[PDB]
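Chain and residue survey
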Amino acid sequence: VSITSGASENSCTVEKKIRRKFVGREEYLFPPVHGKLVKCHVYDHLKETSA
Amino acid sequence: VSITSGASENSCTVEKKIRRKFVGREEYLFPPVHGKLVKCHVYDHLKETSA
Amino acid sequence: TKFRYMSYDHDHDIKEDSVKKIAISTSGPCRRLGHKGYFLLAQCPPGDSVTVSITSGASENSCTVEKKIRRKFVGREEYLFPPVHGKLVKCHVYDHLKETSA
Amino acid sequence: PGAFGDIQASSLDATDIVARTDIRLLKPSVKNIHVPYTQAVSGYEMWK
Amino acid sequence: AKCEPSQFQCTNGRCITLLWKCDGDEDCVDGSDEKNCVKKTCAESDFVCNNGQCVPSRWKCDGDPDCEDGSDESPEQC
Amino acid sequence: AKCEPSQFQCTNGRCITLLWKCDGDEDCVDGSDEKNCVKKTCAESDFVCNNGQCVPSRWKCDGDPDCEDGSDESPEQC
Amino acid sequence: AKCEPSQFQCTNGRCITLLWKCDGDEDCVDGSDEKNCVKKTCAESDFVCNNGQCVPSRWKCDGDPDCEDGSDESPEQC
Amino acid sequence: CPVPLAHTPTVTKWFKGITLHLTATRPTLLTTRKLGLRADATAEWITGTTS
Amino acid sequence: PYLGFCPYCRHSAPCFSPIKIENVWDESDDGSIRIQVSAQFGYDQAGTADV
Ligand SMILES: [Ca+2]
Ligand SMILES: [Ca+2]
Ligand SMILES: [Ca+2]
Ligand SMILES: [Ca+2]
Ligand SMILES: [Ca+2]
Ligand SMILES: [Ca+2]
C-alpha cells in the first residue's frame, strides 16, 4: 500500500500468499461471459456493511 | 488492450496463452547477435501487406 | 545530478541529461540506489533480464541484457521480505557509498 | 497446534474461545517496539 | 420454488436471476425492478454520471475515471 | 549449396542477406544496395529523420520518439 | 562482543549495536555514537532534509522523493 | 542482515528416536546429524507443516 | 489515525510509516482483498466523514 504525493511518497507491504483464487472447480483467469452460476462469497463494496 | 486517454478510460482483456516462442533449437530471451540466420516467420510491420 | 553519453549526432560529441531521467528494470521498476561513473547500482526484483533506459525526448532509447537475476537470500529461509526480528548473520551487500572501491 | 480445530468455541459470537496454536514470543532485539511471535500455520488452513 | 438460477421465481412464472434485478432493466414482465432497490439520490457533494451514478464532485475532471461510464472525465468540461 | 546468408550471391561472388539488400550499406563492391530498391519519403505534411524514416504530422514533438534515432523529439527542434 | 548484535560492547559493559552506532537515535552512555561516522554536511548547492542527510537542490521539489525522510517534496518547502 | 527464526519445532520423543513437528511457511532448510562415528547427515527444504 | 513499524516500505530497510499493513484477508472467491491500514480513510483531520 503506497501514497505518491508531496513529502509523503512513502510505501509499505507485508508477505501475503495472495495466490490466484477461483470458485467452482474450473480454473479461470476471469469470470467467463457465462455458462454457470454458483453460490460464492465476495467482499461487497457497500462500505455500510460490517463484517 | 486499454484506451488510457482518460477521456473514455477503459480496457478489455481475454485469456490467451501468449507464451514466448523461439525459432531454431535454443531458448533465448532476445535474438542473439551471432549465429545461423535460420528460416523464420514474422509479421511484416508494413501495414499495407495483407494476411 | 547528471550523466553523460556519446550522442548519435554525427559531430560526435558528449551530451548531458539529468539522472532523474534514468530508470532500471528487470520485471518491475528497480530502485536506483546509487550511481558513479559508468556504473549504476540498483536493487531489482527477480527476473530473467536487466534493462537500463532513458526517458528524455530523443534520448528515450534503452538497452536490455539477458541475466538470470534470480532472488537470493542470506541465511536459511527463503524469506521474501527482510524479517523484522530474528538472528543477525554475516551478509555481503554492495556499499551504496560510491566512494567505496570494488 | 497445527491440527484441525486448533482454535475452538461453541459459536463464533461466544466469548469463551479456547485455542492452543503454540503461540510463543521472543525478545525484541531491534529498538523499534515489537512483540516477535512464532506459531504453527493455522490448523484450519492446513486441514483446508 | 427455487429453480434454474436459485434466485426468485418472479410473478409471471419465470426463473429470473436476481443478479439482474437491481439493475434498472425490468427482467421479469412485472415486478423485479418494480421492487426498486436503493437509489440513494445523493447530495451535491457528489456529481451524477450518465448512469445516474454518484461520485465525489472534486473528481468531475482529474484524468482518471470514477463512474463505470467514465462521465467524471466527460469532454463536457475536461 | 546455400551461401552463408542463405540468400543471393552478389557480383563479386560473395552472397548477402536480404536484411542488407536495401539497407544503404553496400555490402559488396558492386551490387547489393546499389541495385534499385524502393524508398518514398511519405506525404509533404510529415517529418523525416536522419536515416530517412518518416513520422506522422502530429508527432513532430510529443514526448515519444517514433523514429528510433529520436529525431522527432530532439531539443534541436522541441 | 559477538552477542546481541554480534558487533560491540559499550563502556557500561553491555552488548550494543554498530548498526545503531551512527543515527540520530543514540544508545549506551559511551562506547556508542559519540565517535561519529562520516556525518559531513554537503555544500550549500544541496538541500538539507530533517534527518540532516543532504541531497542536491538541483532536484529538491520535482515530484520524486530524494531524502529518506521525504523532506525534499514537502508543500512546506515547495 | 536480519534473517527469520522459523517457529521452534515441537519435538515428540520415543524409543531411540525423535519426531520433529516442523511448522514454517517459507522453505526452511532443516539439517541434522548424529554425533557418532558416522554423521549420516540429512538436509531437507521443508515447507509448511510436516513430521 | 496513527503510525506503525512495517517490515519494509519506500526505501526497503524496515521503517516507521503513517501507512502500515496490519492484517490482510483474501477469503473472497473473487480474489479481492481487504486491507487494514494504519491510516484512516473517509475521515477529515477534524474527524468529519468525507469520501
Ligand atoms: Ca432488473
Ligand atoms: Ca474523474
Ligand atoms: Ca546492405
Ligand atoms: Ca513523436
Ligand atoms: Ca545511535
Ligand atoms: Ca525530489
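Residues numbered from 1 in each chain as written, not as in the entry; some residues may be left out. Chains lettered and ligands numbered in written order. Part of a larger assembly, values for the part shown. Heavy atoms only, no water.

**Concerning the UniProt feature "disulfide bond" in chain E**
Residue and element names in this part refer to chain E. Heads up, the condition is: Note on disulfides: each one is a pair of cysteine sulfur atoms within 2.5 Å. UniProt positions are given in the numbering used here, feature names are shortened, and annotations may be inferred rather than shown by experiment. A run of H or I in DSSP counts as a helix once it spans at least four residues, and a run of E counts as a strand once it spans at least two, with each numbered from the N terminus. For the exposure calls, accessible area comes from a 1.4 Å probe over protein chains only, and a residue counts as buried if that area is under 20% of its type's maximum, exposed if over 50%, partly exposed in between.
With its sulfur atoms 2.0 Å apart, the listed UniProt disulfide between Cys 3 and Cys 15 is closed in this model. Pair noted here: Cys 3 is in the segment before β1 (8-10) and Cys 15 is in strand β2 (residues 14-16), with a separation of 12 residues, a long-range link. Taking the relative accessible area as the measure of exposure, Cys 3 reaches 28% and is therefore partly exposed. For the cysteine pair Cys 10 and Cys 28, annotated in UniProt as disulfide-bonded, the sulfur atoms lie 2.0 Å apart, consistent with the bond being present in this model. Placement of the pair is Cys 10 in strand β1 and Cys 28 in the loop between α1 (18-21) and β3 (46-48), with a sequence separation of 18 residues. With a relative accessible area of 4%, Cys 28 lands in the buried category.

**Here's the deal with the sheet that holds strand β7 (residues 62-69) of chain C**
Residue and element names in this part refer to chain C. Which entries qualify depends on this criterion: A pair of strands is treated as paired once DSSP finds two or more bridges between them. In this analysis, axes come from line fits to C-alpha atoms, helices being fitted only over the stretch in contact, and the angle between any two N-to-C directions falls in the range 0 to 180 degrees.
The strand order across the open sheet formed by 3 strands is β3-β6-β7, and the pairing between neighbours is antiparallel. On the outer flanks of this sheet lie β3 (22-25) and β7, each paired with one strand and no other. On average, adjacent strands in this sheet sit at an angle of 15 degrees to one another, irrespective of strand direction. Taken together, the 6 bridges between strand β6 (residues 47-54) and β7 define a ladder with antiparallel strand orientation. Bridging across to β7, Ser 49 finds its partner in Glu 66.

**Focus on the nonpolar core**
Which entries qualify depends on this criterion: Take the buried residues of types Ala, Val, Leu, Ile, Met, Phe, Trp, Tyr and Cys, join any two whose side-chain atoms come within 4.5 Å, and each joined set is a nonpolar core. A contact between two residues is defined here by any heavy atoms of the two lying within 4.5 Å.
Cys 12 of chain A together with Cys 6, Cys 9, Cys 15, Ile 21 and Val 24 of chain I form the largest nonpolar core, which has 6 residues in total. Residue contacts for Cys 6 of chain I: discarding those within four places in its chain leaves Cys 12 and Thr 13 of chain A together with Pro 14, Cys 15 and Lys 20 of chain I. The next biggest cluster of nonpolar side chains, apart from the first, holds 5 residues, and it includes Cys 49, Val 55, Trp 59 and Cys 67 of chain G.

**Section: the coordination of the calcium ion (ligand 3)**
Residues and elements named next belong to chain F. Selection rule: Each metal's donors are the N, O and S atoms within 2.8 Å of it, or within 3.2 Å when it is Na, K or Ca, and because water is not part of the set, sites may look incomplete.
Around the calcium ion (ligand 3), the protein contributes the donor atoms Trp 20 (O), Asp 23 (OD), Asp 23 (OD), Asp 25 (O), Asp 27 (OD), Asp 33 (OD) and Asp 33 (OD), which lie 2.1 to 2.4 Å from the metal centre. If you list the donors of the calcium ion (ligand 3) from N- to C-terminus, the spacing comes out as W-x2-D-x1-D-x1-D-x5-D. According to the relative accessible area criterion, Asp 27 is partly exposed, its value standing at 34%.

**What to know about the interface of chain A and chain I**
Threshold: Note on definitions: buried area is the accessible-area loss of two parts on being combined, 1.4 Å probe, summed for both. When a carboxyl oxygen of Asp or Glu is within 4 Å of a side-chain nitrogen of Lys or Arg, the pair counts as a salt bridge. Polar contact is the term for a pair of N or O atoms within 3.5 Å; when the atoms are in protein, one must be able to donate a hydrogen and the other to accept it, and sequence-neighboring residues count only if both atoms are side-chain atoms. Residue type decides the class: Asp, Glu, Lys and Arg count as charged, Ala, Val, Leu, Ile, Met, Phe, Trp, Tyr, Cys and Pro as nonpolar, and the leftover types, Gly among them, as polar.
Taken residue by residue, the interface counts 20 residues in chain A and 21 residues in chain I. Buried area between chain A and chain I, both sides added, is near 1,900 Å², and the carbon and sulfur share of it is 63%. Taken as a group, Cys 12, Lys 21 and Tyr 43 of chain A account for 33% of the area that chain A buries against chain I, more than any other trio of residues on that side. Counting the contacts that link chain A with chain I gives 1 salt bridge. Ionic pairing is found between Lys 21 of chain A and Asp 26 of chain I, a salt bridge with its closest N-O pair at 2.4 Å. At the boundary of chain A and chain I, one finds 7 residue pairs in polar contact. Looking at the side of chain A that touches chain I, its residues break down into 11 nonpolar, 4 polar and 5 charged.

**Let's talk about the arrangement of the chains**
Most contacts, compared over the 19 pairs of chains touching, are made between chains A and I. The smallest C-alpha distance separating chain F from chain H is 42 Å, and no contact links them.

**Observations concerning the environment of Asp 46 of chain E**
All names here are of chain E. As for its position among the elements, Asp 46 is in strand β3. The class for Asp 46 is partly exposed, based on a relative accessible area of 24%. As for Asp 46 and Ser 57, which are separated by 11 residues in sequence, their C-alpha atoms are 4.5 Å apart. Not counting residues within four places of it along the chain, the set of residues in contact with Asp 46 comprises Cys 54, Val 55, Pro 56 and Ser 57.

**Describing the coordination of the calcium ion (ligand 1)**
Residues and elements named next belong to chain E. Those protein atoms acting as donors to the calcium ion (ligand 1) are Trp 20 (O), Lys 21 (O), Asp 23 (OD), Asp 25 (O), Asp 27 (OD), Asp 33 (OD) and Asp 33 (OD), and they sit at 2.3 to 2.4 Å. For the calcium ion (ligand 1), the donor residues sit on a single chain with the sequence spacing W-K-x1-D-x1-D-x1-D-x5-D. The class of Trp 20 is partly exposed, set by a relative accessible area of 36%.

**Concerning a nonpolar patch on the surface**
Definition in use: Only residues whose relative accessible area exceeds 30% and that form no salt bridge enter a patch; like-charged residues are grouped when within 9 Å of one another, and nonpolar side chains (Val, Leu, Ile, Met, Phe, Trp, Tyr) when within 5 Å. In this description, accessible areas are obtained by the Shrake-Rupley approach with a 1.4 Å probe, and a residue is regarded as covered only by the protein chains that are shown.
Residues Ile 23, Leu 25, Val 35 and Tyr 37 of chain D make up a contiguous nonpolar surface patch of about 440 Å² in total accessible area. Its location among the elements puts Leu 25 of chain D in strand β3 (residues 24-25).

**Some thoughts on unusual backbone geometry**
Although it is not a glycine, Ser 32 of chain F adopts a positive phi angle of roughly 55 degrees. Tracing the backbone shows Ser 32 of chain F in the segment before β1 (47-48).

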